[PDB]
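Chains as they are written, first to last, in PDB author numbering: chain E, 239 to 309, 317 to 447, 455 to 479, 488 to 758; chain F, 506 to 758. We put the beta carbon where it would ideally sit given N, CA and C, even for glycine. This report concerns only the one structure given below.
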């Protein structure tokens, strides 16, 4: 006990890796089987793997586990590790006590080119000695080796065949019931020492985050009294302290709120029906993904001219969805990186997207991310291939995600023949009528109606056929306003723009 | 049995789950193609003259090709079946890719009967037409590999898929393949009616109306199955399903 939310895996592990040890050697001999000698654990960091290893070791009452970190002396160390198990085995035969050895960051051994690993021998030698110690003719029957890695795919298949690492297990991010149990475990002592109020009533957090939250709540409670004083005995934490604590702990695996909110919106205003149509289609394509089991990967292409509003729309659709996981890939993230670094970053983002039931990603200005210059033309083909492959793969184990991407260079993409990745295309047009200008002026409180009327009347025959984006109109109102004559300055600016 | 998985075998999950999310016989050509595939399979399995066979499946993108290849493979019953696709080679240097292909080919030569599927050949070589840019070493490796015969009275079958017939014709590697298969798109409203029926879209009264509207909105449409099965799915969730699927299908057409 001391672990929460992981009952099923505990049952499985106890059933297979340990249960044969509880029984006397006589009955196991009488059946004709042999104990398992390898177990592989994998999952994200800080989730409770070493915790399980240690707590299991207490039930069998084996010796305190040895622990080793992967990253001539190295050749000599491995033989030093097993000494005690050899001694105890010669000492007491099959009845010797159990010896448990923990190995961390196993993949680091393999994470090198084969040529260097074998020529230096550092990578290969440890592996060969270790396999020799549990499979070969010097087999020791008292040992069990636990391996731990965040990436299973890099371990060679030779290790996974029977006799070596036969059983493999995955660790997940906890669910709500797990967190409720953790809340109870963490608040037990507060609750049982009358230091927790009666109003406290116990999304993607881990255990450490709950510990930090409780500590922050305590910090609020402790701060309110200091500046050491009388009446310490009346201390109690309260719901408001927790709700204040929620504003100080921000989780990993979440929503990049600030970038979308501040950077991508400095206004949003419904000057025509087409915007409403687009927003409706987005809410339909959001709850489609959220309420259908056939659609677990959607891709869309919000296209239109430069300066039209695209990204602000995308973000606006994103914010209203409420999914737990949301992210965006834009040029700003990749500035100053080499090509390989960019590829690694993209791939890591994609890995991170594959560990939640729901996920959203936004990709902005694709033709800029590819370094397109039409004079050459010049562009990096590798990034294009990476993205083209990644834009079709579907998440594993009944998860689902939605991808929105934006571009202003439709013909170039068409000419690159990567238009088969998208399920739908949207067009964002500019402004071409004075009614739209009237709406914008009214919405921005430019000045009293009489002048707005005069401006419209003047433009009626000064320039009746204009064609301009929102950005320039909203930077022309601003400069005209802080001018002596805002109506002649705005008229002049606008006719110049037209 | 559901707890111990052997090395050497069939990569069941990849073929089954990835490559097939529907299969419905909406025309005679599909039946004919499947019959031809079965013919070839039991040809290889019941003759000593044919110990290496190679096939080419081609047609427009999104047509159904890969799902067909998988369907022919799963029904074969051979002990050894594998597929090479871009997903496996992603993130590798050219040398690693070539070595992986070579290891696969060696592993194919160690059982009486074997099947291999190669998907999207033009992407494995990294073709882009602006240059054009591509890798020639992988091309020559593949070209040589498609003619070598397995040793010691063993036999295998190869199926490859492509959408860039003109490019392969230009690159002069059509002599590796023994036969070519063509896959067309849907072109009649009867097939669409069948698909709606097959997917329980809605009661006949409304199902009829969309057909009656397409009758004089767009009688000569050309759309693949995948899009149609994602347009039924999105239109079903609309508030006005008939007008949504007809507008969306007209746009696609």
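Residue of E:264, E:279 and E:260 minimising C-alpha distance to residue 297 of chain E: Comparing Cα positions, the closest option is E:260.
Cβ neighbours of residue 540 of chain E in the same chain (closer than 7 Å, five flanking residues each side left out): none
Where in the stretch 716-751 of chain F do unbroken runs of the alpha helix (DSSP H), each at least 4 residues long, occur, reported from the N-terminal end onward? 730-741
Counting C-beta neighbours from all protein chains within 10 Å, is the total for residue 717 of chain F 16 or more, i.e. buried, or is it exposed? exposed
Nearest to residue 373 of chain E (by Cα), restricted to the options E:591, E:355 and E:388: E:355
What runs of the alpha helix (DSSP H), each 4 residues or longer, lie entirely inside the stretch 570-600 of chain F? Entirely contained in the stretch 570-600 of chain F, the alpha helix (DSSP H) runs reaching 4 residues are, in chain order, 570-579 and 591-594.
Quick one: which residues of the stretch 607-639 of chain E get their C-beta closer than 9 Å to a C-beta of chain F? List them in chain order. Within the stretch 607-639 of chain E, the residues whose Cβ lies closer than 9 Å to some Cβ of chain F are 607, 637 and 639, listed in chain order.
Can you list, in chain order, the residues of the stretch 583-595 of chain F whose Cβ is nearer than 8 Å to any Cβ on chain E? 591, 592 and 595
Neighbourhood of residue 528 of chain E by C-beta distance below 7 Å, restricted to the same chain and skipping five residues each side: 572 and 576
Pull out every residue of the stretch 541-573 of chain F whose Cβ sits closer than 7 Å to any Cβ of chain E, in chain order. 566 and 567
Measuring straight from C-alpha to C-alpha, what distance separates residue 508 of chain F and residue 413 of chain E? Spanning the two alpha carbons is a distance of roughly 11 Å.
I need the boundaries of the beta strand (DSSP E) containing residue 414 of chain E, first residue and last residue. 412-415
Taking only beta-carbon positions, decide if residue 653 of chain E is within less than 8 Å of chain F. For residue 653 of chain E, the nearest CB of chain F lies under 8 Å from its own CB, placing it at the interface with that chain.
How far does the beta strand (DSSP E) with residue 704 of chain E in it reach, from first residue to last? Where residue 704 of chain E is concerned, there is no enclosing beta strand (DSSP E), although the alpha helix (DSSP H) it sits in stretches over 694-704.
CB contact below 8 Å: residue 666 of chain F versus chain E: For residue 666 of chain F, the answer is no, since every Cβ of chain E falls outside 8 Å of its Cβ.
If I'm right that residue 333 of chain E touches residue 387 of chain E with Cβ under 8 Å, what's the distance once you round it to whole angstroms? 6 Å
Exposure of residue 344 of chain E, with buried meaning 16 or more beta-carbon neighbours within 10 Å: buried
By a C-beta neighbour count over all protein chains shown, 10 Å radius and 16 as the cutoff for buried, is residue 180 of chain E buried or exposed? Any question about residue 180 of chain E goes unanswered here, given that chain E covers just 239 to 758.
Is it right to say residue 733 of chain F is buried, meaning 16 or more other beta carbons lie within 10 angstroms of its own, or is it exposed? It counts as buried.
Scan the stretch 698-711 of chain E for residues whose Cβ lies nearer than 7 Å to a Cβ of chain F and list them as they occur along the chain. none
State the beta-bridge partners of residue 304 of chain E as determined by DSSP. E:346
Along chain F, which residues have their Cβ under 7 Å away from the Cβ of residue 406 of chain E? 512
What are the start and end residues of each continuous beta strand (DSSP E) run of 3 or more residues lying completely inside the stretch 594-660 of chain E, in chain order? 618-623
Assumed close pair residue 348 of chain E, residue 390 of chain E - CB separation to whole angstroms, cut-off 8 Å: 6 Å
Would you mind telling me which residues of chain E sit closer than 7 Å to residue 738 of chain F, beta carbon to beta carbon, in chain order? 552, 554 and 555
Using a Cβ-Cβ cut-off of less than 9 Å, give me the residues of the stretch 677-693 of chain F that come near chain E, in sequence order. none
Looking only at DSSP bridge pairs, what is residue 276 of chain E linked to? E:390
Taking Cβ positions, are residue 520 of chain E and residue 578 of chain E nearer each other than 8 Å? For residue 520 of chain E and residue 578 of chain E, yes; Cβs fall inside 8 Å.
I need the straight-line Cα distance from residue 454 of chain E to residue 700 of chain E, nearest angstrom please. Absent from the coordinates is residue 454 of chain E, which sits in the stretch where chain E moves from 447 straight to 455.
Flag this pair as yes or no: are the beta carbons of residue 395 of chain E and residue 309 of chain E separated by less than 8 Å? no
Between residue 645 of chain E and chain F, is there a C-beta pair that is closer than 8 Å? yes
Tell me, which residues are paired with residue 297 of chain E by DSSP? DSSP lists no beta-bridge partner residue for residue 297 of chain E.
Per-residue DSSP class, three states only, for residue 522 of chain F: helix
Considering only residues of the same chain and omitting the five flanking positions on each side of residue 403 of chain E, which have a CB-CB separation below 8 Å? 409
Just to confirm, are residue 624 of chain E and residue 588 of chain E a CB contact at a threshold of 8 Å? Closer than 8 Å, so yes.
Can you give me the start and stop residues for the alpha helix (DSSP H) that residue 558 of chain E sits inside? Judged by DSSP secondary structure, residue 558 of chain E falls outside any alpha helix (DSSP H) and instead within the beta strand (DSSP E) spanning 557-563.
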